[PDB]
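Note: hydrogens, waters and symmetry copies are ignored here, and every other heavy atom, side chains too, is used. Proteins come first, then strands; the chains are lettered A, B, ... in the order of their sequence lines, and each starts at number 1.
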Amino acid sequence: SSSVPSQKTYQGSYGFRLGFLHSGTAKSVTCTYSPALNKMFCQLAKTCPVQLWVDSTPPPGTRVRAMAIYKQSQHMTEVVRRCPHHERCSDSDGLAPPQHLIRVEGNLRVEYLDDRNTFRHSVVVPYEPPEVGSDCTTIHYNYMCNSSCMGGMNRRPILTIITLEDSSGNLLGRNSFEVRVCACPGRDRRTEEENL
Amino acid sequence: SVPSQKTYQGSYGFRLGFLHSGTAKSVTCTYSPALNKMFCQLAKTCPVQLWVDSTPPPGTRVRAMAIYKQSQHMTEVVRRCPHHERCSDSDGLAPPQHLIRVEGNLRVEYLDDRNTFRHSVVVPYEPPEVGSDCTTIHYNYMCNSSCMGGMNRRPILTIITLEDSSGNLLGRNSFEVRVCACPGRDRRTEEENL
Amino acid sequence: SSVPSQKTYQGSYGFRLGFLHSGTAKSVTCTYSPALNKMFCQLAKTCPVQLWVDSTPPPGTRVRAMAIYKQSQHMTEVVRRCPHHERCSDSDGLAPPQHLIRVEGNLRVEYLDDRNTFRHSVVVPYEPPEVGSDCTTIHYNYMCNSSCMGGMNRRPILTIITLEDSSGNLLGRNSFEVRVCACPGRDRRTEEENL
DNA sequence: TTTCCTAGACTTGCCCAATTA
DNA sequence: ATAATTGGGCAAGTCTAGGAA
Ligand SMILES: [Zn+2]
Ligand SMILES: [Zn+2]
Ligand SMILES: [Zn+2]
């Protein structure tokens, strides 16, 4: 079938695991993750921290890349991108390309790719060790379009694929989580878990 | 211009074969002998077998192209719907406007005829391997038949054309195709139909 | 011309017109009524016309189409698109915006405008029927609804299809009525019923 | 001559639930 | 448990006949 980006979990030689903040579902939450759903709920354009767990430190030049792909097989060949309303928004942080759904916050070494071959979008940052006195590395992502954006994701489930790659682009590890960009993360999360 | 869906089992005796898929609900690809219709899912493998009576010369290429089955619509270049085209992906070769792609063939070529604009994918004709009887080409349909803005629910014909390095028609065949979710349930049904 | 003749003349080549076969469905964009010898269709769509012949007209031959009002009282007036429709429909670099009738799918179209009669025509080159075919098909588009106030204004038109030579001398001639509308099928179904 | 409707019955993707191995 | 595959069914969306202003 038409090839699509790989999404299988691979801890790699460095024991790469992804972590998240345990925010709860109170009405004030801006980003909340559901361990039972392996799903992150976040608000549009707000901080979403993502934790990198490693058992041994990766080599130097190590990069961390994120990519969104549709969860369903029937839509996997579709490149996740912002709806037209959104790409057209003046919401540029000056670094990200207007069509990318995923941005990286507060990292001037942030890099964006428009795959020449697959048309696929992604954001990379250099991998940093955990801030001394720290257990893991944190990355602040932002999702720039809502799940409900007709014309975009349109209510379809998206996965965020986090890849650990050497300076040459080789795969060192991969992990993933589902994401839902919506107005009320606490409410939505509670509910979807309410279903189980 | 415009292209024919006229069989030309030619001087080589060109014929197409299809696998025996089964009718589960949602089978990936399935062909209906009675209907002469392929029923497949978007982006899934659509195997099409090439059978000749005699090996064609070298330079021979295989071409696929779609057309609307219906009279009026035959003039409308068949292509991907706006949405899918906009959010298209690719494999390093396939252009975003093409509906039909060829899977696993680093030698594939994609054409958008400058004088018809008509789109097509052509691969070299490879004689079957020693001990084989036919040669398979795997195709993928990038939009469902019901893609509003595209297929808009209208029937298409896939026309395979054997041709020489020159571009001369050496052979011709066709099949209709229905890209849908659930090719299984839909073939039964359209059979129940008779 | 001031009002070209619309008389049928198969002439030396056994020139005939053919038409597709669809019923009165709403989903039927274009439809020909043999009884009414009228063709209904809807704005901007495909109108397939079958060019039958008994004798193969020589290379260079041409097929010109022209619309004329049907009523005598309207005959001398040129059929043109309304001013509205005229300020947009110009897609397909060959078709001038005023022309009501266009042909699609032919690199060689040639638009006319009698400089002395102002009548608009779409010319094409005669072409033999497809290898295993018994007729050549032309794809016609009718650029305005017969409704266009300021355009056809509910007035019936006739399309005269002529076979001519490189010089433009007439060879054969047919014609038929066209009703550009809203979901054509019914109109025929009905047009055929008062009958 | 268009424009509304009123539904009903399909068309058709995709949910969910059972079920395989 | 655990993922993949499947079949039941559904409901958003389509076009219908059809009468009406
Ligand atoms: Zn959006
Ligand atoms: Zn599509
Ligand atoms: Zn008009």
- request: Check whether the side chains of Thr159(C) and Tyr140(C) place a donor and an acceptor atom closer than 3.5 Å, and report yes or no.
  value: no
Interatomic distance where CD belongs to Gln74(A) and P belongs to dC14(D) [whole Å]: 5 Å
Along DNA chain E (nearest heavy atom to each residue), the more 5'-positioned of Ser26(B) and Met150(A): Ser26(B)
task: Between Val27(B) and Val28(C), just flag the one whose closest nucleotide in DNA chain E comes earlier from the 5' side.
output: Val27(B)
message: For a quick test of reading the model: is some side-chain N or O of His75(A) closer than 4.0 Å to OP1 or OP2 of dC14(D)?
response: yes
task: Report yes or no: do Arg102(C) and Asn141(C) form a side-chain donor-acceptor pair below 3.5 Å?
output: yes
query: Quick one: does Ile161(A)'s side chain get under 4.5 Å of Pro5(A)'s, heavy atoms only?
result: no
task: Give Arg179(C) one of three labels, base, sugar-phosphate or nothing, depending on what nucleic acid heavy atoms sit under 4.0 Å from its own.
output: nothing
field: Under-4.0 Å side-chain N/O to phosphate OP1/OP2 contact, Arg155(A) with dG13(D)
entry: no
message: Just N and O in the side chain of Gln72(A): are any of them under 4.0 Å from OP1 or OP2 of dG13(D)?
response: no
- request: Using atom CZ of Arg155(C) as one end and atom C1' of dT1(D) as the other, report the distance to the nearest whole Å.
  value: 16 Å
- request: Only counting residues at least two apart or in another chain, list the ones meeting side-chain contact (heavy atoms from CB on, under 4.5 Å) with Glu193(A).
  value: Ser34(A), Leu37(A), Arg189(A)
- prompt: Looking only at atom types and distance, does a side-chain atom of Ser146(C) sit under 3.5 Å from a main-chain N or O of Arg155(C), one as donor and one as acceptor?
  reply: yes
message: Taking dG8(E) as the reference, what is the distance to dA21(D) when you measure between their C1' atoms (whole Å, please)?
response: 22 Å
field: Nucleotide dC5(D) sugar, north or south by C1'-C2'-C3'-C4'
entry: north
query: What is the distance, rounded to the nearest whole Å, between atom NZ of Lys26(C) and atom P of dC10(D)?
result: 18 Å
- request: Rounded off to whole Å, could you give me the CG-to-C1' distance for the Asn152(B) and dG13(D) pair?
  value: 15 Å
message: Please report the sugar pucker of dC4(D) as north or south based on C1'-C2'-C3'-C4'.
response: north
message: What is the separation between atom CG on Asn194(C) and atom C1' on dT1(D), rounded to the nearest whole Å?
response: 15 Å
field: Whole-Å distance separating the CD atom of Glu192(A) from the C1' atom of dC16(D)
entry: 15 Å
- prompt: Starting at CD of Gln42(C) and ending at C1' of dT1(D), how long is that distance when rounded to a whole Å?
  reply: 15 Å
- line: From CZ of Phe39(B) across to P of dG13(D) the rounded distance in Å is 12 Å
Below 4.0 Å: OP1/OP2 of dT2(D) and any side-chain N or O of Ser147(C): yes
is_close_aromatic(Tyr31(B), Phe175(B)), centroid dist under 6.0 Å: no
message: Rounding to an integer number of angstrom, what distance separates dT14(E) and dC10(E) when you compare their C1' atoms?
response: 16 Å
- prompt: Looking at the side chain of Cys181(C), which of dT2(D), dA4(E), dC15(D) is the nearest nucleotide?
  reply: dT2(D)
- request: Measure distances between side-chain N and O atoms of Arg186(C) and base N and O atoms of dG18(E), and say whether any donor-acceptor pair falls under 3.5 Å.
  value: no
